[PDB]
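So this one's target-v2.txt, compact mmCIF, C-alpha atoms:
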# COMPACT_ATOMS: atom_id res chain seq x y z
CA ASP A 81 -55.63 76.54 -125.37
CA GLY A 82 -56.85 73.08 -126.32
CA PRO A 83 -58.40 70.52 -123.97
CA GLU A 84 -55.22 68.44 -124.20
CA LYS A 85 -53.52 71.24 -122.27
CA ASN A 86 -55.71 70.66 -119.22
CA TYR A 87 -55.75 66.89 -119.74
CA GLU A 88 -51.97 66.41 -119.67
CA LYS A 89 -51.51 69.03 -116.95
CA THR A 90 -54.05 67.23 -114.76
CA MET A 91 -52.31 63.92 -115.48
CA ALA A 92 -49.01 65.32 -114.21
CA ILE A 93 -50.57 67.05 -111.18
CA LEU A 94 -52.60 63.99 -110.17
CA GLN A 95 -49.61 61.66 -110.47
CA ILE A 96 -47.35 63.98 -108.46
CA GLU A 97 -49.89 64.49 -105.68
CA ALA A 98 -50.76 60.78 -105.44
CA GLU A 99 -47.05 60.03 -105.09
CA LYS A 100 -46.88 62.66 -102.34
CA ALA A 101 -49.88 61.11 -100.57
CA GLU A 102 -48.69 57.53 -100.38
CA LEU A 103 -45.17 58.75 -99.59
CA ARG A 104 -46.66 60.55 -96.58
CA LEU A 105 -48.46 57.36 -95.54
CA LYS A 106 -45.20 55.41 -95.87
CA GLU A 107 -43.51 58.11 -93.79
CA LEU A 108 -46.05 57.71 -90.99
CA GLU A 109 -45.76 53.91 -91.00
CA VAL A 110 -41.94 53.97 -91.13
CA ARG A 111 -41.80 56.46 -88.26
CA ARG A 112 -44.09 54.25 -86.17
CA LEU A 113 -41.98 51.16 -86.87
CA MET A 114 -38.66 52.87 -86.18
CA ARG A 115 -39.89 54.42 -82.93
CA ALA A 116 -41.36 51.09 -81.82
CA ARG A 117 -38.32 48.91 -82.60
CA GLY A 118 -35.35 51.24 -83.13
CA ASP A 119 -33.74 48.99 -85.77
CA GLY A 120 -33.25 51.91 -88.12
CA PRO A 121 -31.03 54.85 -89.06
CA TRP A 122 -32.98 57.43 -87.03
CA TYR A 123 -34.77 57.42 -83.66
CA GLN A 124 -31.52 56.13 -82.14
CA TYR A 125 -30.98 57.16 -78.54
CA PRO A 126 -27.66 57.99 -76.86
CA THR A 127 -25.82 55.22 -75.04
CA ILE A 128 -22.50 55.14 -73.23
CA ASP A 129 -19.56 54.75 -75.60
CA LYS A 130 -17.34 51.74 -74.93
CA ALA A 131 -14.02 53.47 -75.64
CA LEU A 132 -14.31 55.26 -72.29
CA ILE A 133 -13.93 51.88 -70.55
CA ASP A 134 -10.45 51.24 -69.19
CA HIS A 135 -9.05 47.71 -69.41
CA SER A 136 -5.67 48.11 -67.68
CA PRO A 137 -4.93 45.73 -64.78
CA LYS A 138 -6.34 47.31 -61.63
CA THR A 139 -5.22 46.89 -58.03
CA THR A 140 -7.92 44.33 -57.27
CA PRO A 141 -7.31 41.29 -59.51
CA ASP A 142 -10.88 40.03 -59.96
CA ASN A 143 -12.44 43.40 -60.72
CA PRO B 1 -30.66 31.62 -61.00
CA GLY B 2 -27.78 29.15 -61.15
CA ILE B 3 -25.15 27.34 -59.09
CA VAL B 4 -22.61 29.09 -56.86
CA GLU B 5 -20.03 26.35 -57.30
CA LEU B 6 -17.49 26.24 -54.47
CA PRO B 7 -14.52 23.85 -54.25
CA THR B 8 -14.88 21.53 -51.28
CA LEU B 9 -12.86 22.05 -48.11
CA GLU B 10 -10.25 19.47 -49.12
CA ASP B 11 -8.69 21.53 -51.93
CA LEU B 12 -8.06 24.58 -49.72
CA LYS B 13 -6.29 22.65 -46.97
CA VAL B 14 -2.89 24.27 -47.50
CA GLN B 15 -0.11 23.92 -44.92
CA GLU B 16 -0.88 27.51 -43.81
CA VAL B 17 2.52 29.15 -43.36
CA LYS B 18 2.56 30.74 -39.88
CA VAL B 19 4.85 33.74 -39.40
CA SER B 20 3.82 37.15 -38.07
CA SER B 21 3.70 40.26 -40.24
CA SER B 22 6.94 41.58 -38.74
CA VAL B 23 8.75 38.33 -39.58
CA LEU B 24 7.38 38.56 -43.12
CA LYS B 25 8.51 42.19 -43.41
CA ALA B 26 12.03 41.33 -42.22
CA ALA B 27 12.56 38.77 -45.00
CA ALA B 28 10.58 40.76 -47.59
CA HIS B 29 13.26 41.59 -50.15
CA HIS B 30 15.07 38.25 -50.11
CA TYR B 31 11.79 36.33 -50.27
CA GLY B 32 10.65 38.42 -53.23
CA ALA B 33 13.99 37.79 -54.94
CA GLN B 34 14.17 34.02 -54.37
CA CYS B 35 10.45 33.20 -54.58
CA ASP B 36 9.30 35.31 -57.53
CA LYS B 37 8.28 32.45 -59.83
CA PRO B 38 5.42 31.00 -57.71
CA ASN B 39 4.08 34.43 -56.72
CA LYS B 40 4.19 35.67 -60.31
CA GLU B 41 2.54 32.55 -61.74
CA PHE B 42 -0.20 32.59 -59.10
CA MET B 43 -0.95 36.27 -59.62
CA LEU B 44 -1.02 35.99 -63.41
CA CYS B 45 -3.51 33.15 -62.98
CA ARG B 46 -5.52 35.33 -60.59
CA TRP B 47 -5.57 38.32 -62.94
CA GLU B 48 -6.27 36.31 -66.10
CA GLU B 49 -8.87 33.81 -64.89
CA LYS B 50 -10.34 36.43 -62.51
CA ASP B 51 -11.66 33.50 -60.45
CA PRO B 52 -9.98 32.48 -57.18
CA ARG B 53 -12.12 29.33 -57.31
CA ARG B 54 -9.89 28.22 -60.23
CA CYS B 55 -6.25 29.06 -59.38
CA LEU B 56 -6.24 27.33 -55.98
CA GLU B 57 -3.37 25.03 -56.97
CA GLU B 58 -1.12 28.04 -57.59
CA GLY B 59 -2.14 29.23 -54.13
CA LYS B 60 -0.93 25.89 -52.81
CA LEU B 61 2.37 26.04 -54.68
CA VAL B 62 3.16 29.60 -53.57
CA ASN B 63 2.68 28.58 -49.93
CA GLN B 64 4.88 25.52 -50.49
CA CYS B 65 7.67 27.68 -51.89
CA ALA B 66 7.28 30.24 -49.08
CA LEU B 67 7.55 27.47 -46.48
CA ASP B 68 10.64 26.15 -48.27
CA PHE B 69 12.19 29.63 -48.15
CA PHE B 70 11.44 29.97 -44.43
CA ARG B 71 12.78 26.47 -43.75
CA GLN B 72 16.03 27.40 -45.49
CA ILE B 73 16.34 30.64 -43.51
CA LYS B 74 15.63 28.68 -40.31
CA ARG B 75 18.32 26.13 -41.18
CA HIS B 76 21.06 28.59 -42.14
CA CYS B 77 20.57 32.07 -40.61
CA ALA B 78 18.26 31.60 -37.62
CA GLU B 79 19.92 33.99 -35.15
CA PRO B 80 20.42 37.14 -37.30
CA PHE B 81 16.94 36.76 -38.78
CA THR B 82 15.43 36.37 -35.31
CA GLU B 83 17.13 39.52 -34.02
CA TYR B 84 16.25 41.46 -37.19
CA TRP B 85 12.56 40.54 -37.15
CA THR B 86 12.29 41.23 -33.41
CA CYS B 87 13.81 44.68 -33.94
CA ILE B 88 11.37 45.25 -36.83
CA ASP B 89 8.51 44.10 -34.59
CA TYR B 90 9.37 46.63 -31.89
CA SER B 91 8.58 49.56 -34.20
CA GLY B 92 4.95 50.58 -34.48
CA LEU B 93 5.18 51.26 -38.22
CA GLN B 94 7.72 48.45 -38.84
CA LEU B 95 10.17 50.81 -40.54
CA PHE B 96 13.41 49.49 -42.00
CA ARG B 97 14.99 52.87 -41.18
CA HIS B 98 15.78 52.21 -37.51
CA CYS B 99 16.96 48.63 -38.10
CA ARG B 100 20.01 48.77 -40.36
CA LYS B 101 22.75 46.98 -38.41
CA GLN B 102 20.61 43.86 -37.95
CA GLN B 103 19.70 44.15 -41.63
CA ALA B 104 23.41 44.14 -42.47
CA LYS B 105 24.00 41.04 -40.34
CA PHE B 106 21.05 39.23 -41.92
CA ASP B 107 22.10 40.22 -45.44
CA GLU B 108 25.70 39.06 -45.03
CA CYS B 109 24.54 35.84 -43.35
CA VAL B 110 22.21 34.92 -46.21
CA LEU B 111 24.82 36.06 -48.74
CA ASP B 112 27.52 33.75 -47.37
CA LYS B 113 25.18 30.96 -46.22
CA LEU B 114 22.54 30.72 -48.96
CA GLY B 115 23.97 32.82 -51.82
CA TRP B 116 21.41 35.63 -51.67
CA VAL B 117 21.56 39.35 -52.41
CA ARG B 118 18.86 41.88 -51.63
CA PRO B 119 17.17 43.44 -54.68
CA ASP B 120 18.21 47.01 -55.34
CA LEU B 121 15.76 49.90 -55.03
CA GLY B 122 12.90 49.36 -57.46
CA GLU B 123 14.09 45.96 -58.70
CA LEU B 124 11.26 44.18 -56.87
CA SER B 125 8.61 46.33 -58.60
CA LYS B 126 9.33 45.60 -62.28
CA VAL B 127 6.75 43.86 -64.45
CA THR B 128 7.88 40.29 -65.08
CA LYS B 129 7.07 37.83 -67.86
CA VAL B 130 5.91 34.39 -66.74
CA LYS B 131 6.14 31.21 -68.78
CA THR B 132 2.93 29.63 -67.51
CA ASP B 133 1.57 26.70 -69.52
CA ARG B 134 -2.15 27.20 -68.87
CA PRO B 135 -4.32 28.44 -71.75
CA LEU B 136 -5.67 31.97 -72.04
CA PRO B 137 -9.28 32.25 -70.79
CA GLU B 138 -11.37 32.91 -73.90
CA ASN B 139 -14.20 34.54 -71.90
CA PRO B 140 -12.81 35.61 -68.50
CA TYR B 141 -15.91 37.74 -67.84
CA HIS B 142 -18.32 34.98 -69.00
CA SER B 143 -19.95 37.53 -71.30
CA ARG B 144 -22.96 36.41 -73.31
CA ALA B 145 -23.39 36.92 -77.05
CA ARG B 146 -23.42 40.58 -78.02
CA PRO B 147 -26.53 42.01 -79.73
CA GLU B 148 -26.18 42.45 -83.47
CA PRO B 149 -25.26 46.01 -84.53
CA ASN B 150 -28.01 48.12 -86.04
CA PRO B 151 -28.25 47.93 -89.86
CA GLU B 152 -25.56 50.21 -91.24
CA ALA B 153 -26.67 53.31 -93.15
CA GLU B 154 -25.22 53.47 -96.66
CA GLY B 155 -26.08 54.41 -100.22
CA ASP B 156 -26.07 57.42 -102.53
CA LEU B 157 -28.40 60.29 -101.66
CA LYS B 158 -30.84 61.71 -104.21
CA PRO B 159 -33.11 64.77 -103.86
CA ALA B 160 -36.15 64.17 -101.68
CA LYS B 161 -39.01 62.84 -103.79
CA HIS B 162 -41.36 65.72 -104.64
CA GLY B 163 -39.52 68.13 -102.37
CA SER B 164 -40.52 68.67 -98.76
CA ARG B 165 -43.87 66.86 -99.14
CA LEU B 166 -45.11 69.07 -96.28
CA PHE B 167 -48.61 70.33 -97.12
CA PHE B 168 -48.92 72.71 -100.09
CA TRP B 169 -45.16 73.35 -100.25
CA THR B 170 -44.22 71.55 -103.47
CA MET B 171 -40.56 72.61 -103.33

Write-out of the structure in structure tokens:
Amino acid sequence: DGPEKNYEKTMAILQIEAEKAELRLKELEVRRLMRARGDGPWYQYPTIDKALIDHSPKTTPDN
Amino acid sequence: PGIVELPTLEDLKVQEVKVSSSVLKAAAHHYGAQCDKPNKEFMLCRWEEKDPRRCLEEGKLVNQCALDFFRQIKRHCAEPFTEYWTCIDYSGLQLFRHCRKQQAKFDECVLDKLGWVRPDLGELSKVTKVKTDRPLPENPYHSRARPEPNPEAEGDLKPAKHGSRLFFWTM
């Protein structure tokens, strides 16, 4: 086949793999940030749910 | 770090009603019937504010009303109440079971001398509604500002860009 075959195929392959590479770098940086700060959708850690708390008036007034 | 504020000794200088536990037990039902407003107001203040350093005036007023009740019972039915509370005091557990005749004398005396009737069984244990005029404590627990919730996750999902992106696996 002609040289344009390899030229356009290499264009597509190079673009796709470069996108993969800097996406991987962004993944590493995002993971570091989200593990360090936790202000993100993942890396959340379990905490006690508030709905278990009971608010009815107890025997002791100033509980 | 802070101030443990405490009201000075002058505010908590109540008249300090002085009757023994047996005397209190003898007049329990009638006192609960004819003194419910101060007790209920004071306790609602105690439960709402959750700070005994704040509702001291209700603690004064409840003692004033209790002393008024005891003064009335002294003025009108001294003898039957004295015999009834002595007979209550004899018992180790202070049971009403053994002392029924003296209870009858006390009840009829206060009925025809002060217009009182003992509450029926369970009447003195019903939740009441008070018409207190104090405001509702906005922050009874003195809670600080809550941390902002984590940024909510939303948005349409599209296929992962270039598949797994895990080494040579393109798809």

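Atom pair CA of residue 96 in chain B / CA of residue 75 in chain B has a distance of 23.9 Å (rounded to one decimal).
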
Within 9 Å of chain A: residues of chain B, using only C-alpha atoms, as a list in words: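 Listed by rising number, the hits are residues 43, 46, 47, 48, 49, 50, 51, 52, 150, 151, 152, 153, 161, 162, 165 and 166 of chain B.
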
Distance in Å - CA of residue 155 in chain B versus CA of residue 110 in chain A: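 Separation between CA of residue 155 in chain B and CA of residue 110 in chain A: 18.3 Å.
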
d(CA of residue 63 in chain B, CA of residue 141 in chain B) in Å: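 Between CA of residue 63 in chain B and CA of residue 141 in chain B the gap is 27.4 Å.
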
Within 9 Å of residue 82 in chain B using all atoms listed in the file, minus same-chain residues under 5 positions, as an MDAnalysis selection string: chainID B and resid 23 77 87

Just want the 12 Å neighbourhood of residue 34 in chain B, counted on only C-alpha atoms, with same-chain residues fewer than 6 positions away dropped. Output as a compact mmCIF listing (two decimals) with C-alpha atoms, in the coordinates of the input.
# COMPACT_ATOMS: atom_id res chain seq x y z
CA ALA B 27 12.56 38.77 -45.00
CA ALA B 28 10.58 40.76 -47.59
CA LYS B 40 4.19 35.67 -60.31
CA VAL B 62 3.16 29.60 -53.57
CA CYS B 65 7.67 27.68 -51.89
CA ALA B 66 7.28 30.24 -49.08
CA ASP B 68 10.64 26.15 -48.27
CA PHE B 69 12.19 29.63 -48.15
CA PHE B 70 11.44 29.97 -44.43
CA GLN B 72 16.03 27.40 -45.49
CA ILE B 73 16.34 30.64 -43.51
CA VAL B 110 22.21 34.92 -46.21
CA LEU B 114 22.54 30.72 -48.96
CA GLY B 115 23.97 32.82 -51.82
CA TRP B 116 21.41 35.63 -51.67
CA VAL B 117 21.56 39.35 -52.41
CA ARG B 118 18.86 41.88 -51.63
CA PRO B 119 17.17 43.44 -54.68
CA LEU B 124 11.26 44.18 -56.87

Would you give the centre and edge lengths, in Å to one decimal, of a box along x, y and z around the listed atoms of range 16-24 of chain B, with 6 Å added to each side, as AutoDock Vina command-line options?
--center_x 3.9 --center_y 34.5 --center_z -40.9 --size_x 21.6 --size_y 26.1 --size_z 17.7

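Distances from B:109, B:104, B:12, B:145 to residue 56 in chain B were compared using only C-alpha atoms, and the smallest one belongs to B:12.
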
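Distances from B:17, B:171, B:33, B:88 to residue 120 in chain B were compared using all atoms listed in the file, and the smallest one belongs to B:33.
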
Could you pull the residues within 9 Å of residue 85 in chain B, counting only C-alpha atoms, minus those fewer than 5 positions along the same chain, as a short mmCIF file (atom, residue, chain, number, x, y, z; two decimals) with C-alpha atoms, in the frame of the given file?
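result_35.cif, written as the output of this step:
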data_model
loop_
_atom_site.label_atom_id
_atom_site.label_comp_id
_atom_site.auth_asym_id
_atom_site.auth_seq_id
_atom_site.Cartn_x
_atom_site.Cartn_y
_atom_site.Cartn_z
CA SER B 22 6.94 41.58 -38.74
CA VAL B 23 8.75 38.33 -39.58
CA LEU B 24 7.38 38.56 -43.12
CA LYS B 25 8.51 42.19 -43.41
CA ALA B 26 12.03 41.33 -42.22
CA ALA B 27 12.56 38.77 -45.00
CA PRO B 80 20.42 37.14 -37.30
CA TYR B 90 9.37 46.63 -31.89
CA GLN B 102 20.61 43.86 -37.95
#

Distance query residue 58 in chain B at most 8 Å, only C-alpha atoms, self and fewer than 2 positions along chain excluded, as number ranges by chain: B: 38, 41-42, 45, 55-56, 60-62

Can you put N, CA and C atoms back into range 42-72 of chain B and show it as a PDB file, keeping the file's coordinate frame?
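Written output follows (part-v1.pdb):
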ATOM      1  N   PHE B  42       1.091  32.563 -59.779  1.00  0.00           N
ATOM      2  CA  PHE B  42      -0.200  32.590 -59.100  1.00  0.00           C
ATOM      3  C   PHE B  42      -0.951  33.876 -59.396  1.00  0.00           C
ATOM      4  N   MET B  43      -0.253  35.011 -59.383  1.00  0.00           N
ATOM      5  CA  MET B  43      -0.950  36.270 -59.620  1.00  0.00           C
ATOM      6  C   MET B  43      -1.374  36.420 -61.073  1.00  0.00           C
ATOM      7  N   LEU B  44      -0.570  35.931 -62.021  1.00  0.00           N
ATOM      8  CA  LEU B  44      -1.020  35.990 -63.410  1.00  0.00           C
ATOM      9  C   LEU B  44      -2.248  35.116 -63.605  1.00  0.00           C
ATOM     10  N   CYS B  45      -2.289  33.950 -62.951  1.00  0.00           N
ATOM     11  CA  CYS B  45      -3.510  33.150 -62.980  1.00  0.00           C
ATOM     12  C   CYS B  45      -4.681  33.909 -62.383  1.00  0.00           C
ATOM     13  N   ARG B  46      -4.452  34.586 -61.254  1.00  0.00           N
ATOM     14  CA  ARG B  46      -5.520  35.330 -60.590  1.00  0.00           C
ATOM     15  C   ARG B  46      -6.051  36.453 -61.466  1.00  0.00           C
ATOM     16  N   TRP B  47      -5.156  37.179 -62.137  1.00  0.00           N
ATOM     17  CA  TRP B  47      -5.570  38.320 -62.940  1.00  0.00           C
ATOM     18  C   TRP B  47      -6.213  37.874 -64.252  1.00  0.00           C
ATOM     19  N   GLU B  48      -5.733  36.770 -64.830  1.00  0.00           N
ATOM     20  CA  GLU B  48      -6.270  36.310 -66.100  1.00  0.00           C
ATOM     21  C   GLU B  48      -7.610  35.608 -65.911  1.00  0.00           C
ATOM     22  N   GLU B  49      -7.629  34.542 -65.108  1.00  0.00           N
ATOM     23  CA  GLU B  49      -8.870  33.810 -64.890  1.00  0.00           C
ATOM     24  C   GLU B  49      -9.904  34.652 -64.159  1.00  0.00           C
ATOM     25  N   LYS B  50      -9.455  35.576 -63.305  1.00  0.00           N
ATOM     26  CA  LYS B  50     -10.340  36.430 -62.510  1.00  0.00           C
ATOM     27  C   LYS B  50     -11.292  35.593 -61.654  1.00  0.00           C
ATOM     28  N   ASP B  51     -10.833  34.423 -61.218  1.00  0.00           N
ATOM     29  CA  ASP B  51     -11.660  33.500 -60.450  1.00  0.00           C
ATOM     30  C   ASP B  51     -10.773  32.767 -59.455  1.00  0.00           C
ATOM     31  N   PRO B  52     -10.742  33.214 -58.198  1.00  0.00           N
ATOM     32  CA  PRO B  52      -9.980  32.480 -57.180  1.00  0.00           C
ATOM     33  C   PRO B  52     -10.453  31.053 -56.964  1.00  0.00           C
ATOM     34  N   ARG B  53     -11.670  30.711 -57.383  1.00  0.00           N
ATOM     35  CA  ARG B  53     -12.120  29.330 -57.310  1.00  0.00           C
ATOM     36  C   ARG B  53     -11.427  28.429 -58.331  1.00  0.00           C
ATOM     37  N   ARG B  54     -10.551  28.975 -59.172  1.00  0.00           N
ATOM     38  CA  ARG B  54      -9.890  28.220 -60.230  1.00  0.00           C
ATOM     39  C   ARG B  54      -8.388  28.059 -60.025  1.00  0.00           C
ATOM     40  N   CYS B  55      -7.699  29.090 -59.530  1.00  0.00           N
ATOM     41  CA  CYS B  55      -6.250  29.060 -59.380  1.00  0.00           C
ATOM     42  C   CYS B  55      -5.809  28.622 -57.988  1.00  0.00           C
ATOM     43  N   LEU B  56      -6.571  27.737 -57.342  1.00  0.00           N
ATOM     44  CA  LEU B  56      -6.240  27.330 -55.980  1.00  0.00           C
ATOM     45  C   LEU B  56      -4.919  26.569 -55.927  1.00  0.00           C
ATOM     46  N   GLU B  57      -4.606  25.797 -56.973  1.00  0.00           N
ATOM     47  CA  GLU B  57      -3.370  25.030 -56.970  1.00  0.00           C
ATOM     48  C   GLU B  57      -2.137  25.930 -56.972  1.00  0.00           C
ATOM     49  N   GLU B  58      -2.201  27.065 -57.672  1.00  0.00           N
ATOM     50  CA  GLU B  58      -1.120  28.040 -57.590  1.00  0.00           C
ATOM     51  C   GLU B  58      -1.018  28.625 -56.185  1.00  0.00           C
ATOM     52  N   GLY B  59      -2.158  28.818 -55.518  1.00  0.00           N
ATOM     53  CA  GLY B  59      -2.140  29.230 -54.130  1.00  0.00           C
ATOM     54  C   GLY B  59      -1.498  28.204 -53.215  1.00  0.00           C
ATOM     55  N   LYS B  60      -1.657  26.919 -53.538  1.00  0.00           N
ATOM     56  CA  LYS B  60      -0.930  25.890 -52.810  1.00  0.00           C
ATOM     57  C   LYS B  60       0.568  26.005 -53.054  1.00  0.00           C
ATOM     58  N   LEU B  61       0.959  26.106 -54.326  1.00  0.00           N
ATOM     59  CA  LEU B  61       2.370  26.040 -54.680  1.00  0.00           C
ATOM     60  C   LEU B  61       3.137  27.251 -54.159  1.00  0.00           C
ATOM     61  N   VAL B  62       2.501  28.426 -54.127  1.00  0.00           N
ATOM     62  CA  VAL B  62       3.160  29.600 -53.570  1.00  0.00           C
ATOM     63  C   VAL B  62       3.426  29.416 -52.078  1.00  0.00           C
ATOM     64  N   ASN B  63       2.464  28.845 -51.348  1.00  0.00           N
ATOM     65  CA  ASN B  63       2.680  28.580 -49.930  1.00  0.00           C
ATOM     66  C   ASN B  63       3.770  27.531 -49.725  1.00  0.00           C
ATOM     67  N   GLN B  64       3.814  26.513 -50.587  1.00  0.00           N
ATOM     68  CA  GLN B  64       4.880  25.520 -50.490  1.00  0.00           C
ATOM     69  C   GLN B  64       6.246  26.161 -50.659  1.00  0.00           C
ATOM     70  N   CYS B  65       6.389  27.019 -51.670  1.00  0.00           N
ATOM     71  CA  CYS B  65       7.670  27.680 -51.890  1.00  0.00           C
ATOM     72  C   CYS B  65       8.015  28.652 -50.762  1.00  0.00           C
ATOM     73  N   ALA B  66       7.023  29.355 -50.209  1.00  0.00           N
ATOM     74  CA  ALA B  66       7.280  30.240 -49.080  1.00  0.00           C
ATOM     75  C   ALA B  66       7.751  29.453 -47.860  1.00  0.00           C
ATOM     76  N   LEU B  67       7.119  28.307 -47.594  1.00  0.00           N
ATOM     77  CA  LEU B  67       7.550  27.470 -46.480  1.00  0.00           C
ATOM     78  C   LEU B  67       8.952  26.924 -46.716  1.00  0.00           C
ATOM     79  N   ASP B  68       9.282  26.586 -47.965  1.00  0.00           N
ATOM     80  CA  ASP B  68      10.640  26.150 -48.270  1.00  0.00           C
ATOM     81  C   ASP B  68      11.652  27.264 -48.002  1.00  0.00           C
ATOM     82  N   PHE B  69      11.320  28.491 -48.411  1.00  0.00           N
ATOM     83  CA  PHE B  69      12.190  29.630 -48.150  1.00  0.00           C
ATOM     84  C   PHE B  69      12.404  29.834 -46.651  1.00  0.00           C
ATOM     85  N   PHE B  70      11.319  29.778 -45.874  1.00  0.00           N
ATOM     86  CA  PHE B  70      11.440  29.970 -44.430  1.00  0.00           C
ATOM     87  C   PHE B  70      12.181  28.813 -43.770  1.00  0.00           C
ATOM     88  N   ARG B  71      12.018  27.590 -44.275  1.00  0.00           N
ATOM     89  CA  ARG B  71      12.780  26.470 -43.750  1.00  0.00           C
ATOM     90  C   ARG B  71      14.271  26.652 -44.004  1.00  0.00           C
ATOM     91  N   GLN B  72      14.630  27.126 -45.200  1.00  0.00           N
ATOM     92  CA  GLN B  72      16.030  27.400 -45.490  1.00  0.00           C
ATOM     93  C   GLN B  72      16.589  28.474 -44.558  1.00  0.00           C
TER      94      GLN B  72
END
